[PDB]
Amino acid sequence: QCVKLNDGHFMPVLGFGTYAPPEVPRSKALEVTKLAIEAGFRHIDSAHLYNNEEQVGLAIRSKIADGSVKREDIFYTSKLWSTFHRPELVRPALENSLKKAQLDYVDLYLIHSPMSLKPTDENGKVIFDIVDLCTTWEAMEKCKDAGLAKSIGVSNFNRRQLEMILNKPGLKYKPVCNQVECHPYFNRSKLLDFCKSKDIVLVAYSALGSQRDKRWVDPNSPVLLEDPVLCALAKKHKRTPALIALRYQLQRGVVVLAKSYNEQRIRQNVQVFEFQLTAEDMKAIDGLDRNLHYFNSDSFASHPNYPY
């Protein structure tokens, strides 16, 4: 149920996505993260940006206190926000996340995105900052050495951006993973091949087609789970299009996140371990790739470090 990371730690291959939009009451993250642990999720994905680390933390603490799980059974990820890339800001950001969650360590700390921000303009484009991410990475390594994070990694990096870290003089720890948008309409095959060649785990987010946030996502973009190929695979397997999309990533060797704030769907998504897709099913899903990143807004697309 886990994969061994390149620093010797283990990451469960199914993770629970904890982001919900601002209109969902903060209290809901506490309820649903408890439900996710009850259903059998052990990898829990959060971030400073999600404004939910207090609630997600309390859910973890509550399920430890009631005997359901031990802390060593949970794999909890947080992430460094883009206004904290200057290296002197990295360990204080991580300490803040640890304080909000009331944890002694995170299992994984990620650079959330390569697009550094000043610690929006009149045009509505984010105000970029120019930071050498190798210096941010050195600060992340110091966080692992201090024991604040068991493992460190990155998110939203392209090949070139990952290479800059991998080729850094005096590198101490490689990133254990690159968490990126990844689903049948944007399957990141070339990037997955590169990550495998460097023993970096690719972690898929928006694997179910994202929450379609108006800020970032064109409403005209076709809806992943209404795709007829996925719908026909779901009917053939007597599963659901979400379970087809999750199973596809596991069979490729990608670790997959799934967000749900619905009790039935949370319980459904752990069924991904209960069935397999055939070679022909996998080829049919591979045929859907159309270079569609749902995140697609003017506000980021002209950032100097935009990864697409």
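By rigid core we mean the largest C-alpha set that fits within 1.5 Å across both forms. Residues carry their position along the shown sequence, with the first being 1.
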Overlaying the structures in 9 other deposited structures of this protein on the rigid core, point out which of 187-195 and 208-216 has the bigger RMS C-alpha shift. 208-216
Mind giving me a quick count class for deposited residues absent from the model between residue 119 and residue 120? Options are none, 1 to 3, 4 to 9, 10 or more. 4 to 9
Mean B factor on CA atoms, stretches 39-47 and 57-65, record says higher is 57-65
101-109 versus 129-137 - which carries the larger mean C-alpha B factor in the record: 129-137
Given 239, 28, 247, 259, identify the residue with the highest C-alpha B factor in the PDB entry. 28
Per the deposited entry, the peak Cα B-factor within the set 265, 70, 283, 252 goes to 70
Comparing against every modelled residue in the chain, figure out the third that the C-alpha B-factor of residue 234 lands in (lowest, middle or highest). middle
Compared with the other modelled residues in the chain, in which third is the CA B-factor of residue 22? highest
Chain-relative CA temperature factor third for residue 193: middle
For residue 157, the third of its chain by CA B-factor is the lowest
Residue 115 CA temperature factor, ranked by third within the chain: middle
